[PDB]
Structure formats: structure tokens, C-alpha cells
Amino acid sequence: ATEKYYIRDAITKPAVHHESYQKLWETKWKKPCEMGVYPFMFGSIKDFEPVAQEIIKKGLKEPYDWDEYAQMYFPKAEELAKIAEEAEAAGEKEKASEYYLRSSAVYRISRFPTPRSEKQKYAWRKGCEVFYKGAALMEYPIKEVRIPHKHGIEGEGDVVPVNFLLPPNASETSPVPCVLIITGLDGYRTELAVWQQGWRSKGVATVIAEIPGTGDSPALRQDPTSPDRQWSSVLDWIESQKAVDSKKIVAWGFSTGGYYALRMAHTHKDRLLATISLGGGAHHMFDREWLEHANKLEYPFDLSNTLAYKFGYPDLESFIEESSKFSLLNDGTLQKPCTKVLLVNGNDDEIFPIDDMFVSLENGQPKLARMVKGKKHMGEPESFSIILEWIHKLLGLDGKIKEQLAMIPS
């Protein structure tokens, strides 16, 4: 196993943040929280630091009691929602928006990595509620669309809930490109929402949809073909929005979303101008060896257990027994023709192996690739510049990617 992957014996070095929440906060989370970036988009250090201090005093650590853990965030989440409600009543639109989104950030982290308890499931519903109240009070409001899941089968939900933002001058006469953002294992439509105003400012529509077994995805967790049905429903809906140019749909998968972006480049080739996989996997992400090591690496919590839950398995061993069936190599996806594909990741990724970029490049048609040497999951920040530069060229946008990226930090 120490000789199997690109990162070699890096897989055997346990990350310090697994020792305690205090180590998670001090070594991994405090910095991005202060900077207002993932996983703390729309958030404030002023909100999280008090909560962090109280969790650290309790000495919470792996294995976490997710009800006990989630409850630590609720007093702050509720405080911020009450401030937003008062601002809204006073006609303080910009203030109400800020505090609803700040509330949504606190609820979000309470149900990281994925809702696996009743209080985390509660926090998901409450987080969506205050997110959409905040989104509704944006200058250019982001809306929820409950897309009819017309391609759904027995056991699947009736709708695909998405975020939707349409630039103001968009019309059937002057239709706009659309970036379909596919979210990840922990960040859902309420998180990747942070990208929508930037695209709007460049004259680009956005639709944000969750992967199977996360957020409000209606898709069967254990069925490898469930995403295929979901994207058929989503693309049918985008096609019905005549203000969107259905010949200029670009799918950008973040994280685990990258797997789905790469898959749909094949399954929905004729309906997509391009797909981007940023820090995605394809094959080796499903290996026993990778999954048996990844729980203790760069991911903040238990990646492999969280992944198993998202795929509808009660434990890691049961997932590993069947995980090979999700491989884009094993299921024959990578042998099919694809639309334009861009693959970007850090070489040293300990969430999904760079080895899966190689598997992706070893099968079917040539794909665009940028490897980011000496960086781990997602190859940030250069990866965001590489991807925006390419999409701007593809869609003939203004190429002002710095202006767009500056809108991300909260």
C-alpha cells in the first residue's frame, strides 16, 4: 500500500487534526474561517471562534457524538438568525442577507462532514431555510428550483432541488451560458452558492445540484446509474429555460463532484459543452488500500466512513466489498466518447489519489489536464485561476478572472 500510489508512504502518516477538535481548529480550520473561505463561505470568525472555544473546553474529539457536536453550534446559529429577522423587519436588506447567510454557515459546520444524526439532519433543514432567506435578499437573488425528477425510478425522490441564478439581461433573444456546479461530500448547494454572483457578473447563469446521497439529492445511493437519471432531469429543466443557451452548459464538479462531472462528460456528452473535475476521482478512490488509509489523512473528519454513508452502506467494510462497481473504469464509462474534459488536482491529494487523473488519461479520448505539483486536495489556489481562464476562453467571456475570484472570500 505504501508503494501503490503516487504519494507513496504519505498514506501512513496520520494528520494531527484527527487528535482533537482543538487540533482541527488550530492547525486546519481557524485560518480559512478568518479568511472567510471553504468551508466557512458567508461565515465570520466573530461567529465561529466563540463556538470553537466552547467545543475545545468540552475536549470533543474522534469518535464524535454528532448530536453532542452539532448542538454546540445551535445557540450561535439561532442568535444570527434572530439578528437577520430584526434587520429584515427594519428594512435593513443588506444586513438581513449577511446575518441569514452567517446563520447558514454555522448550521452548515454543525452537520459537517455529512448529516449522520437527527440534530445534523435538523441542521441541514434549518441551514437551507436561513440560506434561502439570505439568498432572497441578495441584490441579484439566488432562488431554489425544485426540478421535477421526471427521469426518477422507484425509490427515488420526486424533485432535484437546485440553486438558480440568471443574469439580468438574459432572454430567449439573447441567451447566456450556464455553469452547472456539482457539489461535494460535505459542501452542498448552500456552500458552492458562493460562486454564483461571480458568474452572474460575467453574464453566466448558474445551477447548483448535489451528488447522490448528499443534501436533497433524490438519487438511489447504491445505484451507480442514479446520477445519470438526475442529470437527465436537470438538463431537461435547463433546456426548458430559454434565457439559457443549452449549447453552452459547462459542468464544474468540486471534490467528489469531480467524479460526477467526469462521468456525465460521457453519459451526457451531446448535452454538455464541457465538464471540469477539480480534485475528483474515478477508480482508485474505491480501492480497499486507499479507503483503509484516507480516514486519518488531510480530510478534516473520517473521509472513507463518510464516503461509505454517502453510497448508502452501513459501515466501511460493506462499502469496500462493493465499491469497485462505482469505478468509471470497471463500469465501462471511460471507454465511451466524452465532451471536452478538463482535469485539475494537486499531485499530493490524500482525499482522492492523483493516480485517478492517470486512469482518466489512460482510457478513451484525450482530456485536458493541469497537475499542481507540491499541493494536496484541489491544488489551490492556482487550480481556480487555471479553470476560470479555460472557461472564459471556452465561452468567450471578458477573461477578467482576478475580478471574479476576488468576489469569493466572505
Side-chain angles (χ1 to χ4, degrees), residues 15-62 64 69-70 72-81 83-84 94-95 97-113 123 127 130-131 134-135 138 183-188 190-198 254 278-279 297-301 346 348 350-351 372 374-385 388 402-410:
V16 68
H17 57 263
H18 299 295
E19 291 181 353
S20 66
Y21 187 88
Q22 189 170 34
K23 287 299 184 183
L24 177 55
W25 184 248
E26 292 293 338
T27 71
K28 195 170 173 72
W29 266 15
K30 185 168 174 175
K31 183 55 167 170
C33 187
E34 286 174 339
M35 298 190 301
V37 295
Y38 169 85
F40 301 98
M41 56 272 287
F42 307 121
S44 176
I45 188 61
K46 297 179 199 187
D47 305 333
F48 282 100
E49 190 169 30
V51 173
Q53 285 172 323
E54 290 306 321
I55 296 164
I56 291 162
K57 278 207 272 199
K58 274 204 173 189
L60 299 196
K61 63 178 194 277
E62 294 175 16
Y64 285 102
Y69 175 84
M72 298 304 295
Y73 293 83
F74 292 171
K76 181 56 61 172
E78 292 169 7
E79 179 190 354
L80 294 167
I83 295 167
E94 190 182 13
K95 178 169 177 183
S97 186
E98 179 190 338
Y99 273 89
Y100 277 133
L101 295 167
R102 281 170 66 170
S103 182
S104 78
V106 177
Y107 278 127
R108 164 208 311 155
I109 298 301
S110 84
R111 53 76 174 164
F112 261 47
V130 288
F131 171 74
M138 290 171 163
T183 65
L185 188 56
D186 46 47
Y188 309 149
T190 58
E191 285 64 79
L192 278 298
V194 70
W195 290 90
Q196 296 190 257
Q197 291 303 339
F254 287 75
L278 176 55
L297 301 184
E298 75 169 296
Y299 192 73
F301 301 103
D348 300 340
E350 299 170 352
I351 285 164
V372 185
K375 295 297 184 74
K376 306 202 174 181
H377 187 55
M378 314 269 285
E380 292 179 40
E382 195 191 355
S383 57
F384 295 142
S385 293
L388 285 187
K402 288 186 168 181
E403 186 172 25
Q404 191 174 346
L405 281 171
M407 297 174 64
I408 298 294
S410 310

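Along the sequence shown, the residues carry numbers beginning at 1. Computation of the quantities below employed the complete heavy-atom set of this structure, encompassing side-chain atoms and omitting hydrogens, waters and symmetry-equivalent molecules.
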Asker: Take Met378 and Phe254 through the side chain to side chain contact (heavy atoms under 4.5 Å, CB included) test and state the conclusion after the steps.
Answerer: CA-CA 8 Å; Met378 314 269 285; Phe254 287 75; 4.1 Å; yes
Asker: Sort out for me which residue in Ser410, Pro381, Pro32 forms a side-chain contact (heavy atoms from CB on, under 4.5 Å) with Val37.
Answerer: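 The side-chain contact (heavy atoms from CB on, under 4.5 Å) with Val37 is passed solely by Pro32 among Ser410, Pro381, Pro32.
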Asker: So how far is it from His17 NE2 to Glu19 CD, rounded to the nearest 0.5 Å?
Answerer: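 It comes to 10.0 Å.
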Asker: Please work out which of the three classes, parallel, tilted or perpendicular, describes the rings of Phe112 and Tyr38, given edges at 30° and 60°.
Answerer: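 Aromatic pair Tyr38/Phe112 classed tilted.
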Asker: Using 0.5 Å steps for rounding, measure from the CD atom of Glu49 to the SG atom of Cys33.
Answerer: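 Reported to 0.5 Å precision, the distance equals 8.0 Å.
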Asker: Which heavy atom of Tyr99 sits nearest a heavy atom of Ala84, and at what distance?
Answerer: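 In this case the closest contact between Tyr99 and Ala84 is CB-CB, 3.7 Å.
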Asker: More than 12 heavy atoms of other residues, nucleotides or ligands under 6.0 Å from NZ of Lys28: is that the case?
Answerer: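 Yes, enclosed.
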Asker: Starting at OH of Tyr69, measure out to CD of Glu62 and round the result to the nearest 0.5 Å.
Answerer: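 It is 10.5 Å, given to the nearest 0.5 Å.
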Asker: Which heavy atom in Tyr299 sits nearest to a heavy atom in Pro113, and how many Å separate them?
Answerer: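 That closest heavy-atom pairing would be OH-CB, 3.3 Å.
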Asker: Are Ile55 and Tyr73 packed together at the side-chain level, in the sense that at least one heavy-atom pair is separated by less than 4.5 angstrom?
Answerer: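 Side-chain contact under 4.5 Å: yes.
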Asker: Taking the side chain as every heavy atom from C-beta outward, state whether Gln22 and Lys61 have any pair of such atoms under 4.5 Å apart.
Answerer: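 They are not in side-chain contact.
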Asker: Between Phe131 and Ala193, what is the shortest heavy-atom contact and its length?
Answerer: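 The answer is CZ-CB, 3.3 Å.
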Asker: Could you state the interatomic distance from CD (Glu26) to NZ (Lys30), rounded to the nearest 0.5 Å?
Answerer: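 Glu26 atom CD to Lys30 atom NZ measures 5.0 Å (nearest 0.5 Å).
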Asker: Under 4.5 Å between any side-chain heavy atoms of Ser383 and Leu278, yes or no?
Answerer: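 Result yes, sub-4.5 Å side-chain heavy-atom pair found.
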Asker: Where do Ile351 and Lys376 land on the side chain to side chain contact (heavy atoms under 4.5 Å, CB included) test, with the steps shown first?
Answerer: CA-CA 8 Å; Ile351 285 164; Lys376 306 202 174 181; over 6 Å; no
Asker: Please give me the minimum heavy-atom distance between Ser103 and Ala77, naming the atom from each residue.
Answerer: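 Distance-wise, the nearest heavy atoms are OG-O, 2.7 Å.
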Asker: Under the salt bridge (charged side-chain N to carboxylate O under 4.0 Å, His left out) rule, collect the residues that match up with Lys76, sequence neighbours excluded.
Answerer: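 Salt bridge (charged side-chain N to carboxylate O under 4.0 Å, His left out) check on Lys76 returns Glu79.
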Asker: Using every non-hydrogen atom in the two residues, find where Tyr107 and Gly127 come nearest and quote the distance to one decimal.
Answerer: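 Residues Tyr107 and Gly127, closest heavy atoms: CB-CA, 3.7 Å.
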Asker: Closest approach of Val372 and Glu382, non-hydrogen atoms and distance?
Answerer: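 Smallest interatomic distance, heavy atoms only, reads CG1-OE1, 4.2 Å.
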Asker: Look up atom CG in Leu297 and atom NE2 in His377, then write down how far apart they are to the nearest 0.5 Å.
Answerer: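 Reported value, rounded in 0.5 Å steps: 12.5 Å.
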Asker: Relative to the ring of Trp25, is the ring of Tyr21 parallel (under 30°), tilted (30 to 60°) or perpendicular (over 60°)?
Answerer: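 If you compare the ring of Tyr21 with that of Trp25, the planes turn out parallel.
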Asker: Can you tell me how far CE of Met41 sits from CG of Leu101, rounded to the nearest 0.5 angstrom?
Answerer: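 It is 12.0 Å, given to the nearest 0.5 Å.
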Asker: Are the side chain of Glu54 and the backbone N or O of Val51 linked by a donor-acceptor pair below 3.5 Å?
Answerer: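 Checking the backbone N and O of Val51 against the side chain of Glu54, no donor-acceptor pair under 3.5 Å is found.
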Asker: Do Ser97 and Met138 have side chains that approach each other closer than 4.5 Å (heavy atoms only, starting at C-beta)?
Answerer: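 SC-SC contact between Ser97 and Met138 confirmed.
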Asker: Are the aromatic ring centres of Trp29 and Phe48 under 6.0 angstrom apart?
Answerer: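 No; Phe48 has its ring centre 6.0 Å or more from that of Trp29.
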Asker: Please assess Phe40 against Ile45 for the test side chain to side chain contact (heavy atoms under 4.5 Å, CB included), listing each intermediate value before the final yes or no.
Answerer: CA-CA 9 Å; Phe40 301 98; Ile45 188 61; over 6 Å; no
